[PDB]
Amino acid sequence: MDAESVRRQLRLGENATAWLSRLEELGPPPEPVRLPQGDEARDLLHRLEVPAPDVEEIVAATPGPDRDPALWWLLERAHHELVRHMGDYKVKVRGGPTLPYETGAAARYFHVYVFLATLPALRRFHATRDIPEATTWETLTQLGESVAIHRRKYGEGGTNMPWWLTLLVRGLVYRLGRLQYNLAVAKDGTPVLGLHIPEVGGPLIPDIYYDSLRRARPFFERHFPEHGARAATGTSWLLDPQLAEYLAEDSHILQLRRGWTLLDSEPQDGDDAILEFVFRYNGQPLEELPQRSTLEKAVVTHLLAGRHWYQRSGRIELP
């Protein structure tokens, strides 16, 4: 196998060329790839909060060097790419794209396999930084979420947003209680925390929001003193002023976002993104969508009335 035959066998488009070129140049990792198998796999994937229908598919499809030569070449070199700049927030590492699914379930779950392969390196990095065992495990559960969201959106197996799993398994995302933080750098090169609200964890009550937000600064000072971020950033449908037209006075979103300062910048279209995060939308007719919560009602009514949603970018300066 080489880059050209791997492209051909895995049905990859021409736009995969530069990533494959990078992988070919890296070659196999200095530490051989070991994927868990059988019940070791079941146990780990449960701990990672992967849902049951997927667990069995992922376990059954586990690739090997002789059974899946092209995918194995790819997994090996993709994994290598992640350990090579492990924990280094000054280098951009795009993982691969989502692979073509016609090649089978191993391709469909490729990023799960890259994730599992890279866990020992990730954990070695966490230990050198003295990351507590609990925060490593809570952070790693993003893998369950990625898988769950894919099946929820498409009704079939996969990983949602593999660039996020890639960043997390490179030691650059930490979940602290309800919230996730990534060690980023802004346009001007100054350190910043990217703040993300994952889906798993329930409603954003103020107590769980502030308990996380207060822990961020000293956590990253204790474990990543080199980084030095003082602000946090995020861009979201959640920061659209129009939500105040619809949501009730005691809304956690309306209350908690008052702590954020909105950046003024060119309009950012938010119909796709709100439909994504409110419905995990997949092109169905609007009248077919669930209409239980006041937000579900609001999103649909607003859109049906010929009006639009926006994303906004915001910042905090941290407590």
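The first residue of the sequence shown is number 1, and the count goes up from there.
Annotation for 87 to 95 versus 118 to 126: the higher mean temperature factor (C-alpha) is found in 87 to 95. Look at the mean CA B-factor for 241 to 249 and for 177 to 185 in the entry; the higher one is 241 to 249.
Of all the options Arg108, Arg215, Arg77, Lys153, the entry's greatest CA B-factor is assigned to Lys153.
Within the selection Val59, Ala70, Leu256, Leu263, the deposited Cα B-factor values reach their highest point at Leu263. In this PDB entry, the Cα temperature factor of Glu25 sits in the bottom third of its chain's modelled residues, the lowest group. Annotation for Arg230: CA B-factor lies in the highest third of the chain's modelled residues. Remark: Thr190 belongs to the highest third of its chain, ranked by C-alpha B-factor as recorded. Among all modelled residues in its chain, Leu303 ranks in the highest third by Cα B-factor. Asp211: CA B factor in the lowest third of modelled residues in this chain (values from the PDB entry).
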